[PDB]
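First comes one chain, alone, set out as structure tokens in the form deposited in one PDB entry.
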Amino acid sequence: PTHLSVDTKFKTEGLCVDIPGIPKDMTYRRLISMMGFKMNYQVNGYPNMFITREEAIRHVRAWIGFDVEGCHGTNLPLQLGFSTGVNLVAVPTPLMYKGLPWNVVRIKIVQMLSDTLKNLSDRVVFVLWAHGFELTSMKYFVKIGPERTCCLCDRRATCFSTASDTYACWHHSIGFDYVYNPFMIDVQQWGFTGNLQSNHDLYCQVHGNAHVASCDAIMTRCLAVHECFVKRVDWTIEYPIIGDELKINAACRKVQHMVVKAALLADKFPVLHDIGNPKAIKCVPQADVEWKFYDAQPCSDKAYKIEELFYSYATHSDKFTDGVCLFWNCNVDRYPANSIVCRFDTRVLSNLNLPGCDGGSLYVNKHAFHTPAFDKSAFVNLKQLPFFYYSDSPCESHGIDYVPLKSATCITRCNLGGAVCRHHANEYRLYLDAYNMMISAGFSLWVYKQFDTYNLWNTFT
């Protein structure tokens, strides 16, 4: 059971208003045939247009919500809506486009999907809340067949051109008119009571219903993300490398060690309360400090209430006011004043961050992590942590060209003494690169208000 069997049953109740008289007993095989697609028995890597929930989750980067509202089906114009916010009107003669025939509409579909997905995925997964018109309109912009490779590269083919009789991936499809071998999943098959709006609105107040096809397409993908990443969490699903994942993760580790090592040196806290990942290790293993861990998995729904993290039932809680609290990606509602905090900004635009549910986002780097909406009020007791580099390693080169470094934020013995050595200048530039990478990925750093880098200079006495 790797793929979805075409002989699986498809509940057709959601399809009977657009398709009155639809048989109650229906397989994917018959539905695909009814949609105009002839599979001709093909063992070539594309066994079904429809996929399982498990396969949809593994391909979350490919998700595109799709809804079709029948404005007036071959007689009446259809409004095509995508979770990109695009609305295309197709005539058979929140970006709203005027009524145009299918031959030109299909060119716009290929362009939009290619520009949206070329850096995210090797495919498209149309996420539906199927009522009928969306499935029967697919034949107007979709071609299917054996799995293929791009005419210009080795990537999987996602588009086909009737003008050149050629196939292309999302990167080489300019001017192509057909979506080739797409995937699709119907959320309505998962067993919901009531319509799309009522189920979506139970978990999200950010997507309204301005009564356009894109509003439903956005709500559909959002409800799917809630089901697969908010109420259900699977951190064992490994995701491919599509960008700066490795550099970002390495930068996070370097920044964490730097900031924690410096706060401990500057304010000599006797104890550190490490609140977050149950699998975390000491980021500063040489520090004197009493290191105490508290397990709290990444919250995918709402940010943790600081009160419930301290909630100890019939026993006493550990004192948090003693020493410093470290919250490295531990999303809470309001941090204590004695904290070192790394909070992901869900609003960041990137290929790793996908739109999520109720203001939150789905950060996909090796694993998928739905993160609750970034809330500036969480940090009222803290200040933004300024960039600085700290080093107490000996001034020794060991060796890339060089230009003299002049920086007030290079906290080293050599800078104190009047001139940064080449080694600390190379390490400062590498650290600043890592720092910028982590900030640009969407992470924000916060610290207790008494934090002052001036206190680091006296560690060179």
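Residue positions are given as counts along the sequence shown, with the first one as 1.
Legend entry - Gap at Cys342 across at least one third of the other PDB entries: Across the compared entries, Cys342 is modelled every time.
Inset, instruction - Find out whether the coordinates of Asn209 are absent in at least a third of the other compared PDB entries of the same protein. - result: Per the records, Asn209 is modelled in all the other entries.
Legend entry - Residues of the deposited sequence left unbuilt between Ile400 and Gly399: Per the record, 4 to 9 deposited residues are absent between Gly399 and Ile400.
Inset, instruction - Going by the record, give me the number of deposited-sequence residues missing between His72 and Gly73 as none, 1 to 3, 4 to 9, or 10 or more. - result: Gap between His72 and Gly73: 4 to 9 unmodelled residues.
Inset, instruction - Could you check which stretch, 122 to 130 or 387 to 395, carries the larger mean CA temperature factor in the entry? - result: The recorded data point to 387 to 395.
Inset, instruction - Determine, for stretches 137 to 145 and 308 to 316, which one has the higher mean CA B-factor as deposited. - result: Taking the mean B-factor of the alpha carbons in each, 308 to 316 is higher.
Legend entry - Deposited CA B-factor, highest of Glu290, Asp115, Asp216, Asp358: Across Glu290, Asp115, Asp216, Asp358, the entry lists the biggest C-alpha B-factor for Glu290.
Legend entry - Maximum C-alpha temperature factor, selected from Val43, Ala62, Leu31, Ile51: Answer for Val43, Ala62, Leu31, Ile51: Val43, with the highest C-alpha B-factor.
Inset, instruction - Place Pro372 in the lowest, middle or highest third of its chain's C-alpha B-factors, as listed in the PDB entry. - result: Middle third.
Inset, instruction - Could you tell me which third, lowest, middle or highest, the C-alpha B-factor of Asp345 occupies within its chain? - result: As the PDB entry reports it, the C-alpha B-factor of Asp345 lands in the lowest third of its chain.
Legend entry - Position of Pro182 among the chain's modelled residues by C-alpha B-factor, lowest, middle or highest third: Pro182: CA B-factor falls in the lowest third of its chain.
Inset, instruction - Sorting the chain's modelled residues by C-alpha B-factor, tell me whether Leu354 ends up in the lowest, middle or highest third. - result: For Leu354, the deposited C-alpha B-factor lands in the lowest third.
Inset, instruction - Tell me, lowest, middle or highest third: where does the Cα B factor of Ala56 rank within its chain? - result: Lowest third of the chain for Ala56's C-alpha B-factor.
Just so you know, the form deposited with a small molecule bound exists too; it's not on screen, but the next bit is about it.
Legend entry - Contact test in the deposited complex: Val124 vs the small molecule, heavy atoms, 4.5 Å: Judged by the heavy-atom cut-off of 4.5 Å, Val124 is well away from the small molecule in the deposited complex.
Legend entry - the small molecule contact at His211 in the deposited complex, heavy atom, 4.5 Å: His211 belongs to the contact set for the small molecule.
Inset, instruction - May I ask you to check whether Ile174 falls inside a 4.5 Å heavy atom distance of the small molecule in the deposited complex? - result: Judged by the heavy-atom cut-off of 4.5 Å, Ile174 is well away from the small molecule in the deposited complex.
Legend entry - Heavy atom of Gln79 within 4.5 Å of the small molecule in the deposited complex: Result yes; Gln79 sits at the interface with the small molecule in the deposited complex.
Legend entry - Partner-contacting position among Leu202, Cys71, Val380, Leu152 - heavy atom within 4.5 Å of the small molecule in the deposited complex: The option sitting close enough to the partner is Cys71.
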